[PDB]
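Every residue, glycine among them, receives a Cβ derived from its backbone with ideal geometry; neighbour counts consider all protein chains shown. Nothing in this text is a laboratory measurement; each read-out follows from the coordinates by a stated rule.
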Amino acid sequence: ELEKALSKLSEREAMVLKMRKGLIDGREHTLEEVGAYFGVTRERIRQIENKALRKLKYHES
């Protein structure tokens, strides 16, 4: 997919997405694992992920 959408994603968003989806170490991480990873709440990670996904939906149009 490279960019052209992943390009519009911020650094936090791209990183949260890759860790969550298994794109970093080939393993999917829970919201809690990612929150503890960066030191933020489960909910904050959900918020960043949902926003990243909405941005991907936009640039797929």
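For segment 17-50, the candidate set comprises residues that are more than 11 Å from the chain's Cα centre (by Cα), among the acidic types (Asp, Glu) and in a helix (DSSP H, G or I); within that set, the residue that is nearest to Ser61 (Cα to Cα) is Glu43.
Tell me whether segment 1-12 contains one or more residues that are in contact (Cβ under 8 Å) with a residue 12 or more places away in the chain and surrounded by fewer than 12 Cβ atoms within 10 Å (Cβ to Cβ). So far as segment 1-12 goes, yes, one or more of its residues are in contact (Cβ under 8 Å) with a residue 12 or more places away in the chain and surrounded by fewer than 12 Cβ atoms within 10 Å (Cβ to Cβ). Just for segment 16-37: of the residues that are touching a residue at least 12 places away in the same chain (Cβ under 8 Å) and closer than 17 Å to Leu53 by Cβ, which one is surrounded by the fewest Cβ atoms within 10 Å (Cβ to Cβ)? Only one residue tops the list, namely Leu31.
What about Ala14, is it small (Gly, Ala, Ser) and not in a loop (DSSP other than H, G, I, E, B)? So that I can check it myself, show each step before the final result.
On the way: small (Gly, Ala, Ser): yes; not in a loop (DSSP other than H, G, I, E, B): yes.
The answer is yes for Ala14.
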